[PDB]
Amino acid sequence: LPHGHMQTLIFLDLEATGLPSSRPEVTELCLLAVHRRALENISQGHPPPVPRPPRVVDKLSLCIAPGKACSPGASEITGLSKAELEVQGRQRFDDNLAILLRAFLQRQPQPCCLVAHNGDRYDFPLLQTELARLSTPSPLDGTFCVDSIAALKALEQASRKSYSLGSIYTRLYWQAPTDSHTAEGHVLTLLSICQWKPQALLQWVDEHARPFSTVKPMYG
Amino acid sequence: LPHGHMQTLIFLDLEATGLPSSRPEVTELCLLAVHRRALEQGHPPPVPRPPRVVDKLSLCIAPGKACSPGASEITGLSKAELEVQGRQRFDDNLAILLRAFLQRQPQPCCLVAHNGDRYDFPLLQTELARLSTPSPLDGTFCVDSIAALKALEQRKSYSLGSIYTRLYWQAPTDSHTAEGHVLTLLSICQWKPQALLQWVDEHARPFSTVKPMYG
DNA sequence: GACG
DNA sequence: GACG
Ligand SMILES: [Ca+2]
Ligand SMILES: [Ca+2]
C-alpha cells in the first residue's frame with residue numbers, strides 16, 4: 001500500500017473553457033466525497049440496474065468565472081459561457097475558493113483520494129494550474145489522486161471498447177448517462193461506474209493512489 | 001424595499017434528529033445558491049428547469065444524539081451510521097466551510113427555507129450558537145417560502161409536497177434527502193419567479209434576529 | 001399549521 | 001485516446 005488505506009473517495013469533475021492545448025480555465029467544479037464503506041455497502045436484474053448512490057455523501061458544486069472566453073465546443077458541451085457566468089455574478093477561481101475546498105476536504109476521513117475520468121491528463125493537471133495562480137498554499141498537498149480510466153480498464157479486463165465516461169457507462173448499464181452538461185452530472189455518472197465493482201475498485205485505488213502534489217501543472 | 005434587492009437566493013434544507021419539541025440536531029444540510037438574474041405556462045406548467053448556473057453544498061453531519069425512530073425512517077440517516085462513515089459534528093471547520101461558500105455569493109444574500117421561520121432558521125441558529133467562532137450568517141437575510149406562496153397563489157395545505165403537486169400535478173422527486181427537499185423548494189419558487197423575487201426583497205429580514213430553537 |  |  002503506497003500510502004495506506006484511503007477512507008474517502010472524492011469523485012471530481014471540472015468543466016472548462018476548452019481542451020488542454022488551449023490553456024483552459026475552470027468554469028465549474030464538482031466534488032462528491034464518499035467514505036469507502038458507503039462504496040462497499042449485489043446487483044440484480046437485466047440489464048444490470050444503475051446502482052443507488054450511497055445515502056451518506058458530501059457534495060460541492062461551484063460555478064466559476066474564467067478569465068478568458070469559453071471555446072465554442074466547451075460552451076456547447078457545458079451550457080456555460082463566460083458572459084453568463086459574469087451576468088449571474090460568478091467569481092474567478094480565487095483564494096476563498098481554495099479555503100472552501102480546504103474546509104470541505106478537512107471534513108472527510110483521512111486519507112482522501114480524488115478520482116476523475118482522464119484525471120491524470122485533464123482534471124488533476126488543470127486543477128494544479130488553477131491553484132498555482134493563487135497566493136495561498138495548495139489544499140491538496142496531502143490529498144491523493146488516481147485516474148478512473150486506468151481503473152476500469154484494469155477492472156473489466158479482470159472480467160475494442162472506448163473508455164470515455166459515457167461509453168463505459170452504457171457498456172455497464174445499457175442506459176445513456178442522465179446528465180452530460182454539468183460537473184455534477186459527470187460526477188454522478190463517474191460514481192455509478194465506480195459502483196460497478198466497488199470492492200475491486202477500492203483495492204485498485206488503495207494501491208495506485210499517488211500524491212496530488214506530484215501532478216504536474218497543465219500550463220505555467 | 002427594506003434591505004434593497006437580494007442578489008442571491010440560497011435555498012436551504014435541514015435534516016435532523018426530530019421535530020422541534022425533541023430539541024433536534026442537524027444531520028444533513030443542503031444549500032443551493034441562485035443569482036437573482038437566474039430567476040428574473042400553462043395549465044399545468046411543466047416543472048421549471050433548475051437554472052444552469054448554481055452553487056450547491058450538501059453535507060452529512062454527525063449529531064450529538066440519536067435520531068428519533070421517525071426521523072431515521074424518513075431521512076435514511078442514523079447517528080450510528082453517520083459515525084460509521086466518519087462524519088464530523090456541526091463544528092468550527094463547518095462554519096469556515098459555510099462562510100466561504102456564502103462569500104462566493106453576491107451580497108446581499110437571502111436564505112429561503114420552507115417553514116424555515118418555525119424550523120430551519122431557528123434550528124440553524126441553535127446549531128451555530130453552539131460554536132466558538134462568530135456566526136458566518138450574521139450578515140445574511142432570510143425568508144420563509146410558506147408565506148411567499150400563500151401570497152403568490154392568487155384553505156389547502158402549504159406543506160412542501162402539497163404546493164408542488166397542486167402546481168405541477170406531480171409528486172416531488174425526492175422526499176428523503178436534504179438535496180431532494182431543496183430541489184422541490186426550488187421548483188416551487190420558480191413557478192412565479194418575478195413575483196417570488198418581489199416578495200423576497202420586501203420581506204427579507206436579518207438572520208441575526210432569528211431566535212434559537214432552544215438552548 | 002408544519003418542520004424531522 | 002480522452003478531457004472541454
Ligand atoms: Ca471530465
Ligand atoms: Ca424541510
Side-chain angles (χ1 to χ4, degrees), chain A residues 12-29 64 66 68-82 116-127 147-150 152-153 161-168 180-183 186 190 218, chain B residues 12-29 61 63 65-79 113-124 144-147 149-150 156-163 175-178 180-181 184-185 213:
Chain A
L12 168 85
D13 181 84
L14 308 173
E15 289 308 291
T17 49
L19 294 174
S21 77
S22 80
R23 300 166 64 84
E25 290 179 356
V26 169
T27 48
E28 199 191 25
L29 157 165
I64 303 170
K68 56 215 270 178
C70 282
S71 75
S75 156
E76 98 91 24
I77 221 168
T78 55
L80 298 174
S81 73
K82 166 162 211 285
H117 208 65
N118 212 40
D120 291 343
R121 280 200 172 169
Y122 193 80
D123 302 77
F124 304 155
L126 169 61
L127 184 47
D147 197 310
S148 56
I149 286 175
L152 270 100
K153 275 182 190 157
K161 326 192 285 298
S162 180
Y163 281 80
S164 79
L165 178 68
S167 292
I168 294 175
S180 67
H181 282 82
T182 75
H186 287 80
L190 184 60
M218 185 175 289
Chain B
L12 161 67
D13 186 84
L14 304 177
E15 298 277 62
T17 54
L19 298 182
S21 66
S22 70
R23 297 169 61 99
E25 293 178 40
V26 173
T27 52
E28 198 187 21
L29 176 160
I61 300 157
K65 59 187 202 178
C67 304
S68 57
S72 269
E73 157 149 301
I74 71 177
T75 66
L77 295 185
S78 67
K79 172 167 183 288
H114 200 72
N115 208 19
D117 275 349
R118 293 279 289 271
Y119 194 81
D120 306 70
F121 303 156
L123 182 53
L124 193 49
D144 197 308
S145 66
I146 274 168
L149 269 115
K150 294 185 200 120
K156 6 76 169 168
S157 176
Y158 278 95
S159 70
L160 192 58
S162 297
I163 305 172
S175 70
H176 281 79
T177 67
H181 277 73
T184 308
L185 183 52
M213 183 178 287

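Reminder, nothing fancy here: chain letters follow the sequence lines and each chain counts from 1.
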Round to a whole Å and report the spacing from [atom1] of [X] to [atom2] of [N].
X      : N     : atom1 : atom2 : result
A/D147 : D/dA2 : CG    : P     : 11 Å
A/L127 : D/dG4 : CG    : P     : 14 Å
A/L190 : D/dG4 : CG    : P     : 11 Å
A/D13  : D/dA2 : CG    : P     : 16 Å
B/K65  : C/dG4 : NZ    : P     : 16 Å
B/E28  : C/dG4 : CD    : P     : 11 Å
A/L29  : D/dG4 : CG    : P     : 13 Å
A/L19  : D/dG1 : CG    : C1'   : 12 Å

Flag, side chain of A/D147 to backbone of A/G119, donor-acceptor distance under 3.5 Å: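 Yes, because the side chain of A/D147 sits within donor-acceptor range (under 3.5 Å) of the backbone of A/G119.
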Main-chain N/O of A/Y163 paired to A/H117 side chain as donor or acceptor, under 3.5 Å: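 Answer holds: yes.
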Any base atoms under 4.0 Å from [X], or only sugar-phosphate, or nothing? Heavy atoms, all strands.
X      : result
A/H181 : nothing
A/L165 : sugar-phosphate
A/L126 : nothing

Should [X] and [Y] count as side-chain neighbours, where that means a heavy-atom distance under 4.5 Å?
X      : Y     : value
B/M213 : B/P24 : yes
A/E15  : A/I77 : yes
B/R23  : B/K65 : yes

Donor-acceptor pair (no angle test) under 3.5 Å: B/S68 side chain, C/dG4 base: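 Side chain to base: pair present.
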A/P20, nearest nucleotide to its side chain (from C/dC3, D/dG4, D/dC3):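 Closest of the options to the side chain of A/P20: D/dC3.
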Using only side-chain N and O atoms of [X], determine if any of them is under 4.0 Å from OP1 or OP2 of [N].
X      : N     : answer
A/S162 : D/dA2 : yes
B/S157 : C/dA2 : yes
B/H181 : C/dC3 : no

Nearest heavy-atom neighbours spanning B/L77 and B/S72: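 In terms of heavy atoms, the two residues are closest at O-OG, 2.8 Å.
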Stepwise side-chain contact (heavy atoms from CB on, under 4.5 Å) test for A/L127 and A/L12: CA-CA 10 Å; A/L127 184 47; A/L12 168 85; 4.2 Å; yes
Close approaches to DNA chain C from residues 113-122 of chain B, in residue order (heavy atom, under 4.0 Å):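 Close to the strand are B/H114, B/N115, B/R118, B/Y119.
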